[PDB]
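Student: Before anything else, here's the structure in question.
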Amino acid sequence: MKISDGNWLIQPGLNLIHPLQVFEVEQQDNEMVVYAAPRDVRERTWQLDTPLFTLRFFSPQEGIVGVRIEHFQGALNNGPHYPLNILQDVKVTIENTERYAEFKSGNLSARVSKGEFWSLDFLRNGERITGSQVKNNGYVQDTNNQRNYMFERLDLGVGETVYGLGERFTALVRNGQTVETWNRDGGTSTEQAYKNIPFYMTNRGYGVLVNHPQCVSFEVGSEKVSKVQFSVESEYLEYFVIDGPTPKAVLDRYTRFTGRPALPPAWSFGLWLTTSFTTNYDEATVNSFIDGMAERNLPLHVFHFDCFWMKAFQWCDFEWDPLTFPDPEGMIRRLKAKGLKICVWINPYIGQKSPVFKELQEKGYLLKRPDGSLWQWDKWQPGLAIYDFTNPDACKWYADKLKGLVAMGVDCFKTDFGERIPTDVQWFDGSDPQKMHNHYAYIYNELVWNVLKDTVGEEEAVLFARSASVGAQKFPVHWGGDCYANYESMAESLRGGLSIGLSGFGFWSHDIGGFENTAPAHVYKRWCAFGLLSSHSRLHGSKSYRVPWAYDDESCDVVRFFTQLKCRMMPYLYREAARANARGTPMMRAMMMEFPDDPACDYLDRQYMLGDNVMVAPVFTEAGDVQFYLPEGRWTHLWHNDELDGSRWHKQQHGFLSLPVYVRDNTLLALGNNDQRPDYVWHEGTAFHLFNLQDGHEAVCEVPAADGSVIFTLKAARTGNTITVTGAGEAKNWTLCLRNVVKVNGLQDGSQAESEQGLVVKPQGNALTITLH
Amino acid sequence: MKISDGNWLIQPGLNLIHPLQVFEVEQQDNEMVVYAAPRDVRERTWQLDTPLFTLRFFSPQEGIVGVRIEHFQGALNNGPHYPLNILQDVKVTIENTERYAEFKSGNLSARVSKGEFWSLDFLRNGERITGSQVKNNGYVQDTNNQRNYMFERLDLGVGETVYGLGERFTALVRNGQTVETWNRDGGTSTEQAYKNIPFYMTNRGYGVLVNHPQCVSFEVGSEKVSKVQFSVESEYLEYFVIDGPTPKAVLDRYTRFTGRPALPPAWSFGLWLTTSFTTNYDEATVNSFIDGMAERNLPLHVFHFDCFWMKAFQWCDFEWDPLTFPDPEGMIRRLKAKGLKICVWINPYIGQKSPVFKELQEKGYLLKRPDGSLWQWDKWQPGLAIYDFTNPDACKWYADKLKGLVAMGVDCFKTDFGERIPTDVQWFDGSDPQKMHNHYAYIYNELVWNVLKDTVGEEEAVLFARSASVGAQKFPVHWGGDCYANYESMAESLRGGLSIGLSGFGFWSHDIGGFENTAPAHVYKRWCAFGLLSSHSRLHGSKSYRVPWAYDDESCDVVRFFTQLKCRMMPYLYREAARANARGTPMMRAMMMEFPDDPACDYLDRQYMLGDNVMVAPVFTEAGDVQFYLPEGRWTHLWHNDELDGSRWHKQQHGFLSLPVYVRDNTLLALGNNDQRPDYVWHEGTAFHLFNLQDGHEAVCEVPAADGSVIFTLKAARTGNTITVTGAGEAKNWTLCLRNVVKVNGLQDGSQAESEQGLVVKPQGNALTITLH
Amino acid sequence: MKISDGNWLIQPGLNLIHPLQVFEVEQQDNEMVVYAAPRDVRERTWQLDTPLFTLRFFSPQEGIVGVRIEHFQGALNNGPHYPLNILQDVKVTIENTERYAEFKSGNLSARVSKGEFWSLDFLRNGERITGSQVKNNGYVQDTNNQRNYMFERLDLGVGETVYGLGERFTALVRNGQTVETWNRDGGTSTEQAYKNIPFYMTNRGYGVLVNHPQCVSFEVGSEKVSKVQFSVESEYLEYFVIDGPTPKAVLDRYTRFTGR
């Protein structure tokens, strides 16, 4: 939102006031309050006929400093509020001197300067990381529209770059962009987002959450080029500065504060196939697809029924279409015998045609206008109404329908929609409609998640969710929505993927082959490789099917190859998943996140790290040309075994069975012995692979159990030309490949054999030692 | 401007129509006209009650394709128009087949698809470089404000980045930003710009000029993330796709098309000092600065008198203040004996207080409101009026005043302001005020330039101009305006400098030490090194002086060292300057422009190429730490002589007499024998420096005469361990340094002496051969 | 109320949608429900992001067919209602074929045509007495006043004349006249009436009661010269076609229905 008109002017009709001078500082228990005047009030003659700002500094968690800046306290201020974990006795330091008032939590402090030169500074052990210069926060009285706003502008240093703000599909680095945090259904092709989060982070190792569920308007270097401005229609502005000092540590604090990604069941990590959207489907079509996958030796783990499992125009009423699915329990029973998991489409809206609509209206379960009539429009469904999830009775009715589907054998739910929530309404609980617009996504998904938790168990709960708001990362599996079948959209989808993990979400999928339009085979092929090298992998389309044989026969080989690889990669991947749940470190990582000190990584958006150790770079061309950057070290292709030196860019050409997938040096990586399913006994039959262990380094590998805890730890320490290998825990029948090592000088405690990938050492105990040539 | 409301919807109150089907194609001489309906009109029943788009394709210059899309032709459409060089006889090809209508100029064609699948593609020898997909152009009937617009969205490929759009201070790469081409006085710290140009170019080697002097609203990957959208309030949209296939080749075409930067006289390349803005100043003050510079052995070449050479509130009446400057012609005559060139501040406004105002009002020389009264406001000067430069008599009056200052010994003018031109007015010539807002900067600067041309001569003409519009690069020296004295603003000014060169402008200055506020000594020192390594170097401040002794002792050594260096680099710099005049390649070049195929260079904005051969990376910290990227090759520090290998980033720490200044391999560079002035006989006493001549390569150095032409060419060709040095033309008493080569085996036809930087050879004639040890 | 602007155009700022294609037919005991889309919804790709009309046919008395055409059902809809004598067990026939959905009470049926050529016809012993041609009913979103209307136009054949609509002092035959059913004290010398009734009958031996006590705006051969248009500010329109086949027989059914 534009406040200034260039450097010298203010937008017409705006009147501004700013905290310009400390008047008084008070400590109230573990919080610091600062009263600041918008003009010089040292003389009693000026200590009247003036506004006064009240600034409160507090800490909800170690290393997070809260800043509340307020004008009038008498405003209404109804919920909902973000589901923040606020601790009550965080240890803090408050120093009030002649020069400064300073509030400190962990290594992070907020310091305000007293006297004639106002400053608000955020320090990390006395070093300035950002802050607000005088006249860069305060109150906007907009006389054009009679609305009042609070705002702040936080400095960006030379070369400081901004990330996050939700799943967005614009350029990855936010500098230069205006961003409104307001859920919409705009597809993946525009400035709009289905999933908005008013949190950003920088390459200087801090983050900021602006604590307002309504629309927050960020001008990220787009109004004042060297500041992040944010404003909100409110009598107060409250935000949290979150210390790092690395992007991963910021996200650790952030997810602790707003919610940890749950750990999805291992099965969800396999291949998902759908019916597609407006295509035809019935039992025969579905069986056709499952069978065709089987006959082509293509592993398939989850099948999803899209919207037309219900009758047209009655969507979300939970009634199977009797002419298309005359035996729903029997069908799902048949499909389950194979070992398939089943998903079905739901949403939080209801079309007027449904016999159930009348029941909901009589019962008062639907979103009403202030006059008591139903809110309705004709987008998505005719005479569409919205389930009011602030009504406990409506929540129960909707939960019950879902339990009914679970009792028939559905394992999970695609929680679609939830974005276009109107504000000209009155919620059952009298919530603020401006805050409910975004927070509805959370309430909706939380409701669904809780149904699964109560029926299949927490360990088995998973969603495929389109919309989100602060906290919703606790309810995993988010997918990038309605992309298009071309390279540009595949690339914009990845930007959204990176962005969502930079916003606290650990798991992310996208429609392989693209949702809208039919891809040429080459595009679908390139996208298969990307999709199976994402945390979650789904084949879904709008008007055409996504089975590989709708494209060409080489496509079946592509799906087969990469599905096998993902299943063999599950021991590494699922440990990486437990890391999202424990530390909020997403599986798909921006390069800047894994290598924060490397200036070459600042703008990388065509490649990513999949967990700690593997760099993936999807190929965005038919001919297979691809350019990617490698950070310092010696990297090894995961299956080609070729080696590349880092700190530079590389250019390659790959066939449809290939893409750059490079393993970090000093790495010990577990691959499993099952390429047919993701959920298996990973610690039995394990093939450990050691990559470029340098002298003086130790590479560690933790093999997880089904619950994500560590069940076996293998470590390899290089001391001179000796490598000592120690195991600890539980593993059977494992193996250790010395990557690009053809010959060895010595070996206590085990036997050797040659492989194409290098020497394979089979242990006798868990106490072997190798001596190199 | 927002047109879509996400992928699926349109902004409320907008009605769109688009060219969706070719109805008829016709060749009109060397132009191709496509009539395109907004619906299916194959049957006669639909060939009525419909709008129709008329698309005209034409070529004003080889490798430029103009596209004009019109709705109504009956609109007024008055001037002014851009000063484009439009040729009538460009050789073109037009092919009308059953599939396509294609128009080709040079290697570049526009191709429209007939039949059901409309497409408009721009092809480089049959390869699609960009294009407009169906429904991504056409007409907007805005029923909210009753205005109509035309728009286009040109595709961006994966990894395609956008540059230019004028001197802008936001992030260098435009993806993600909204840009309005509307001149404003916004300082350097916002989204606003003094110098707007509706031309952009990309890393895919094409450019586009949108041919509308009124406000053009660009959404660069900020409405549709994979497109550049531009719209304009008009019944037609006309734009030009400009072929490369290289950024330099794009600028070569663009500047032949809209205007070549003039070659500034060599003296303007020295050090400029000013009185500063609102400081005190009179003849004694000025003498004290000039003698002050001399006593410290700090070369100074140009002195500038800012606004208070005239009486306060009378600004731009051209009358010396007789209490501050009682003898102007004597003073300047005295100042000139000391060799100095003289600049004075002018602008195109006049305050009411001036006795000349009444004269101008009675003569009708000032801009009027439609009722015949004067347009006035109180910003800048009280009762400020604007000189109406569409009035031929007003132009003459203003030019004669300027001729008066020239006859007094003024050498050049600072053409300040020209941006805040109101639209609620009636121009003497009846021009469209929406078009006059930007074009006024052209007409103003053109007028001042022609005064110089007619008095001192074309080769002696130079300005220091704040605003600009298409074609104004012809009137060089532009400076980046009112920046602030800190690192963030030094950095934002560099983004502006890079961007203006990416928009057609050859020469660019910035206020050394920052304009607003007083820099700490360290910042002034860092900025001095950046300023003296920019095409044009000026010391200028707002409320404080910019003589180095106002900061500290070391600042005088800093100014001295880099002034001496610049004067010595002149043989190389002036040659690079002649390049801006010939090919429109600016002196300060974004890394992407010099290394278009290096993916590491797309986003670099804190370093630049100064000419073909020299990379500079200003230092933006007190302690002197700096990170920079080096393209492939082996680079040598210009004076420290250390070597670094390319294709990677580097980190260094530099003292105040230093920064990264690296010379690429296979370079023969000329330094001169005068460190006291920029204008001297470069081809006598020349010291040539050979850097890392690889086997098989040849290095070429062209020493310029005072008019830019090549007066002497030196070539060094490596065959094996033999390098052949041949000169041609006129040079005297030159030497050749073999950088980092201590000893040689053979030397046929020269002498040799060691130096700290390598063997110095002195030739016997135009032909030496050297045999490496 | 003016909806069309001539044969070819629509009044500025009015947006119209019309029931154009049978999507689904359902019998609900003695009532017939027709779902009708305002566009071609044969393909699933078009079975979303569209309005949908819900038409219900029912009979409150022998020889009277009730037609209720509705857009949104969530509107307030408060009383009072007309004091209608509504029977629950009138004998009716419902036929749902590939070509037609037909609702019949006594000798009077309403028949909607399925497929590409929507038609709403009122039949007496299988002969068309009047009807609604495609695009002559639907919903009006008036963007000028932010009000929404439902409307219908019933055909008039050659020489078919219109009578009634209450105690009115203009020419007895209504063809050519706009009439608003809104009680007023205007004397006897104007277009205004103290006694308004939204019932007309014709010399072809049927009548129609528009079932809305609020202002009903009739254009009787005055906007479309061969139709009686009626429109009401509402999310649904409900009217009754009352068979005769004689004027006295119409009035016999009419007064049995509304009061003797």
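Each chain in the structure tokens gets a letter, A, B and so on, in the order shown; residues start at 1 in every chain, and ligands are counted from 1 in the order they appear.
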Using only C-alpha atoms and a cut-off of 6 Å, which residues of chain A sit close to chain B? Please list them as a list in words.

Tutor: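 Listing them in order of chain and number gives residues 6, 7, 158, 170, 171, 176, 177, 186, 187, 189, 190, 191, 222, 223, 224, 225, 488 and 648 of chain A.
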
Student: Determine, counting only C-alpha atoms, which protein, DNA and RNA residues have an atom within 8 Å of an atom of residue A:752; residues of the same chain fewer than 4 positions away are not included. Present the result as an MDAnalysis selection string.

Tutor: chainID A and resid 759:762

Student: Which residues are near residue A:36? Cut-off 6 Å, only C-alpha atoms, ignore same chain within fewer than 5 positions. Put them as a JSON list (two decimals) with N, CA, C and O atoms, in the first residue's frame.

Tutor:
[["chain", "number", "residue", "atom", "x", "y", "z"],
["A", 19, "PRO", "N", 6.26, 7.56, 15.85],
["A", 19, "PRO", "CA", 6.96, 7.66, 17.13],
["A", 19, "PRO", "C", 8.36, 8.24, 16.88],
["A", 19, "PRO", "O", 9.19, 7.57, 16.24],
["A", 21, "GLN", "N", 10.05, 10.34, 19.51],
["A", 21, "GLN", "CA", 10.77, 10.64, 20.74],
["A", 21, "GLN", "C", 10.30, 9.83, 21.95],
["A", 21, "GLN", "O", 9.10, 9.82, 22.27],
["A", 22, "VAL", "N", 11.24, 9.16, 22.61],
["A", 22, "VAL", "CA", 10.92, 8.39, 23.82],
["A", 22, "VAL", "C", 10.44, 9.38, 24.89],
["A", 22, "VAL", "O", 11.13, 10.36, 25.14],
["A", 23, "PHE", "N", 9.26, 9.16, 25.47],
["A", 23, "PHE", "CA", 8.77, 9.97, 26.59],
["A", 23, "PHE", "C", 8.99, 9.26, 27.95],
["A", 23, "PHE", "O", 9.36, 9.89, 28.95],
["A", 52, "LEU", "N", -0.01, 9.83, 21.10],
["A", 52, "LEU", "CA", 1.10, 9.17, 21.77],
["A", 52, "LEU", "C", 1.05, 7.71, 21.39],
["A", 52, "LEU", "O", -0.02, 7.09, 21.45],
["A", 53, "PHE", "N", 2.19, 7.16, 20.99],
["A", 53, "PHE", "CA", 2.31, 5.75, 20.66],
["A", 53, "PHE", "C", 2.69, 4.95, 21.90],
["A", 53, "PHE", "O", 3.52, 5.39, 22.72]]

Student: For stretch 51-54 of chain C, find every residue with an atom within 12 Å (counting only C-alpha atoms), except residues of its own chain fewer than 4 positions away, and show them as a PyMOL selection string.

Tutor: (chain A and resi 312-314+351-354+376-384) or (chain C and resi 16-26+32-41+46-47+67-73+137-139+150+235-238)

Student: Got a sec: who's within 12 Å of residue A:454, counting only C-alpha atoms, leaving out chain neighbours fewer than 3 positions off, as a compact mmCIF listing (two decimals) with N, CA and C atoms, in the first residue's frame?

Tutor:
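The file below, around_20.txt, is the result:
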# COMPACT_ATOMS: atom_id res chain seq x y z
N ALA A 399 -17.71 -33.26 10.06
CA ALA A 399 -16.84 -34.34 10.61
C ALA A 399 -17.46 -35.72 10.51
N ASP A 400 -18.75 -35.81 10.81
CA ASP A 400 -19.48 -37.08 10.75
C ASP A 400 -19.54 -37.68 9.35
N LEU A 402 -17.39 -37.19 7.12
CA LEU A 402 -16.05 -37.67 6.86
C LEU A 402 -15.73 -39.01 7.53
N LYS A 403 -16.11 -39.17 8.79
CA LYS A 403 -16.01 -40.47 9.48
C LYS A 403 -16.71 -41.57 8.67
N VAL A 406 -14.40 -42.60 5.96
CA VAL A 406 -13.30 -43.35 6.54
C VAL A 406 -13.78 -44.79 6.86
N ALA A 407 -14.96 -44.92 7.45
CA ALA A 407 -15.52 -46.23 7.83
C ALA A 407 -15.77 -47.10 6.60
N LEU A 447 -9.98 -29.19 11.14
CA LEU A 447 -11.14 -30.03 11.30
C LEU A 447 -10.89 -31.37 10.60
N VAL A 448 -10.52 -31.32 9.32
CA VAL A 448 -10.30 -32.57 8.57
C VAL A 448 -9.19 -33.45 9.17
N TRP A 449 -8.02 -32.84 9.39
CA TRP A 449 -6.91 -33.48 10.08
C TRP A 449 -7.34 -34.22 11.37
N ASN A 450 -8.12 -33.54 12.19
CA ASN A 450 -8.59 -34.09 13.46
C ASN A 450 -9.51 -35.30 13.27
N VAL A 451 -10.29 -35.31 12.19
CA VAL A 451 -11.11 -36.50 11.86
C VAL A 451 -10.18 -37.70 11.60
N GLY A 457 -5.68 -42.74 13.20
CA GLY A 457 -4.56 -42.48 14.08
C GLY A 457 -3.70 -41.36 13.50
N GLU A 458 -3.11 -40.57 14.40
CA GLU A 458 -2.20 -39.47 14.06
C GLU A 458 -1.12 -39.82 13.05
N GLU A 459 -0.46 -40.97 13.27
CA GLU A 459 0.61 -41.51 12.41
C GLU A 459 0.18 -41.73 10.97
N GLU A 460 -1.11 -42.00 10.78
CA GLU A 460 -1.69 -42.31 9.49
C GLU A 460 -2.44 -41.14 8.80
N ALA A 461 -2.59 -40.01 9.50
CA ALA A 461 -3.27 -38.80 8.95
C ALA A 461 -2.41 -38.14 7.87
